[PDB]
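We begin with a single chain expressed as structure tokens, specifically the form deposited in one PDB entry.
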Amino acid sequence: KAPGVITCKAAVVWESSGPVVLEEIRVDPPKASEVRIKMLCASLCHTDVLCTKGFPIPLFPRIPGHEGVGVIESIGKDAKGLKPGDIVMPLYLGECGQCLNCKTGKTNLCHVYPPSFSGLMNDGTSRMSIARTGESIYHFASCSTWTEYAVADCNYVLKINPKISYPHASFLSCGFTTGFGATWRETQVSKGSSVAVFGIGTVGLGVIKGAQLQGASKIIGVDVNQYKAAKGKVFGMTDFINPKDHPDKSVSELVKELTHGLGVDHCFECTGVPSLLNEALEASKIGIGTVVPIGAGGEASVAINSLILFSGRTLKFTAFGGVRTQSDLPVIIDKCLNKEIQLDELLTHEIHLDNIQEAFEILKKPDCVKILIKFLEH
């Protein structure tokens, strides 16, 4: 009777740009409006690298990770229908549906459930401890995933179909879903339009497969790596551009060559490199172009050419690709049940949490796209 304290393993980082030590932690039971999760899958992202380097807010010790999927192990009072056994996916932000921003239908940034950055629960305390010393550990985003057990608020999790493959649901927790949703929530790629995707990572592959299903004629993929060029061709990419092959020319005028000088209709910057947002703007059409800066950079500011302010383009800032976690997100997950979008080519590497120090150097490999973290039940 009544759930209790859970002890398990987790990935913990103690300093900025420091090592990720696997620690024996102590997870408290879930209190009011909270649920406890047993992790099934996890994944990496550049955001997780920013978390280990103190960006945006340096909080330590921390259990990184935000991409993942799990099963409800225990619930508190007022779990809003959530029960043990439900396969849930952590959310970057909820959707009450009744706030001023949710009723407009033009944004996914709910006023009641915004993204979290305190690294703690709503009551200012942490559910997770160090089983040896007792130091409370900050979680990440709204729920850490690089841990065997985690506690999260019931409004920051989404109950999903028990049929979806658990690696697939993890790849839909952040990267691919953000790139997919950006092609019809922030800016709407119409039939027979030009689209240039800067950086063909898991976020870029979502935009490519996104622009195809909407009917984009030209889908330009601009990445440093030939290894990722082939994986873009499978999701519907029409043209490819490599900045190394032409050092005298910039990426902006390289896209302007394949588009008859006009540029593309929608640019999706997915790398976060500071020099590339200015190239994304110049790559879009004059007057009717649109740029969606999806990639996140590690520095506090971003510079834009002052003459672009006269170019009449549209700079649509975004979070989670504009996907509404309660309205639009379940629509994307069922598209892998019908396999309209198929996410098998995303997985390239696989590790277990015991070798999570390995994952940071694995993501540096040129042939790397997605890293899946599994948990051995022992």
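In case it trips you up, residue 1 is the first one in the sequence shown, and so on.
Using only the Cα atoms and their B-factors as the entry lists them, report which of 339-347 and 29-37 averages higher.
Per the PDB record, 339-347.
Which has the higher mean CA temperature factor in the PDB entry, 297-305 or 98-106?
Mean C-alpha B-factor is greater for 297-305.
Name the third of the chain's ranked CA B-factors that contains residue 93, choosing lowest, middle or highest.
Answer is lowest: the recorded C-alpha B-factor places it there.
Looking at the entry's B-factor column for C-alpha atoms only, identify whether residue 71 ranks in the lowest, middle or highest third of its chain.
For residue 71, whose C-alpha B-factor we compare with every modelled residue in the chain, the answer is the middle third.
For residue 323, the third of its chain into which the C-alpha B factor falls:
Ranked within chain, residue 323 CA B lands in the lowest tercile.
Would you check the entry's CA temperature factor for residue 131 and let me know if it's in the chain's lowest, middle or highest third?
For residue 131, whose C-alpha B-factor we compare with every modelled residue in the chain, the answer is the lowest third.
By the recorded C-alpha temperature factor, relative to the other modelled residues in its chain, which third is residue 284 in?
As the PDB entry reports it, the C-alpha B-factor of residue 284 lands in the lowest third of its chain.
The protein also exists as the form deposited with a small molecule bound; that form is not presented, and the subsequent description refers to it.
Which pick from 199, 210, 232, 90 sits with a heavy atom within 4.5 Å of the small molecule in the bound PDB entry?
By the 4.5 Å criterion, the partner-contacting residue is 199.
Position in contact with the small molecule when the complex is considered in the bound PDB entry, options 170, 194, 178, 144, heavy atoms within 4.5 Å:
The residue from 170, 194, 178, 144 that makes the contact is 178.
Want to guess which of 78-86, 273-281, 114-122, 162-170 is within 4.5 Å of the small molecule in the bound PDB entry, heavy atoms only?
Stretch 273-281 is the one.
In the bound PDB entry, does each of 219, 236 and 292 have a heavy atom within 4.5 Å of the small molecule?
No, none of 219, 236 and 292 comes within 4.5 Å of the small molecule in the bound PDB entry.
For residue 46, is any heavy atom within 4.5 Å of the small molecule in the bound PDB entry, or not?
Yes.
May I ask you to state whether residue 101 is within 4.5 Å of the small molecule in the bound PDB entry, using heavy atom distances?
Contact with the small molecule, no.
Is residue 72 close enough to touch the small molecule in the bound PDB entry, meaning at least one heavy atom pair within 4.5 Å?
No, residue 72 sits far enough from the small molecule in the bound PDB entry that none of its heavy atoms falls within 4.5 Å.
Determine whether any heavy atom of residue 109 comes within 4.5 Å of a heavy atom of the small molecule in the bound PDB entry, and answer yes or no.
Residue-level check for residue 109: no, no contact with the small molecule.
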